[PDB]
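> an experimental structure, sequence included, is below.
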Amino acid sequence: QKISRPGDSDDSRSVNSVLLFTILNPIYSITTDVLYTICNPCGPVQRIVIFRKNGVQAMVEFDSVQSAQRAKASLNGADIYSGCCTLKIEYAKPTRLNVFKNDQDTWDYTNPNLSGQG
């Protein structure tokens with residue numbers, strides 16, 4: 001019928017591999033390179049985009065929802081400078097993000113033309 005060691009916690013369910021980020025005390029610089037180096041040790045990132053026309057916010061996407069589940073479970077309420085620029089994470093409303101170019105405002109890490117310098 002079923003294995004003698006079934007799953008638990010309903011596998012924490014699933015919704016999407018896309019996340020929404022917000023900064024609470026923005027007093028230092030933030031770019032797609034800063035959000036990538038704090039999201040990469042939590043899982044393989046695929047793309048990032050940033051918005052600061054009002055406050056400071058960003059969005060991130062991973063190669064699997066399993067990596068997005070670990071991302072907000074280890075980066076929510078975190079800090080990038082051991083103080084201030086405190087993070088706040090939740091799931092975003094789309095099921096996929098998109099990128100148009102690679103710069104400090106948006107970047108893609110899975111395109112076949114992501115460019116490089118070495």
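Now that the structure is in, tell me what you want to look at. Residues are numbered from 1 along each chain as shown.
> so who does residue 17 touch?
Applying CB atoms under 8 Å, 6 or more residues apart in numbering to residue 17 gives the contacts 61-65, 67-68. In this view, the C-beta of every residue, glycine as well, is placed from N, C-alpha and C.
> let me know the closest of those to residue 87.
The nearest member of the contacts of residue 17 to residue 87, counting by CB to CB, is residue 68 at 14.4 Å.
> wait, that closest one touches residue 20, no?
No: counting by CB atoms under 8 Å, residue 68 stays clear of residue 20, with 10.8 Å between them.
> of the contacts of residue 17, closest to residue 26?
Using CB to CB, the shortest approach to residue 26 within the contacts of residue 17 belongs to residue 61, at 21.8 Å.
> buried residues, the lengthiest helix in the chain. List them.
With secondary structure taken from DSSP state H, the chain has its longest helix at helix 65-75. Within helix 65-75, the residues that count as buried by 16 or more other CB atoms under 10 Å are 65, 67-72, 75.
> and that helix, what does it pack against?
Other elements packing on helix 65-75 under the criterion 3 or more CB pairs under 8 Å, 6 or more residues apart in numbering; DSSP states H and E are strand 18-23, helix 32-39, strand 57-62, strand 87-91.
> hmm, who's touching that helix?
By CB under 8 Å, 6+ apart, helix 65-75 touches 12, 14-19, 38-39, 42-45, 60-62, 87, 89-91.
> not including adjacent chain positions, what is the nearest residue to the residue minimising distance to the centre of the chain?
Closest residue to the average C-alpha location of the chain: residue 60 at 3.3 Å, with CA atoms, centre = their mean. Of all residues not flanking residue 60 in the chain, residue 19 sits nearest, at 4.9 Å (CB to CB, 6 or more residues apart in numbering).
> sorry, back to before: dump the helices and strands packed on helix 65-75 to a markdown table, plus distance to residue 110.
A markdown table is the format used below for those (distance: least, CB to CB, whole Å):
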| stretch | distance to residue 110 |
| --- | --- |
| strand 18-23 | 14 |
| helix 32-39 | 12 |
| strand 57-62 | 9 |
| strand 87-91 | 20 |
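> most packed of those?
Between the helices and strands packed on helix 65-75, strand 57-62 has the highest mean count of neighbours, a mean of 23, where neighbours are mean count of other CB atoms under 10 Å.
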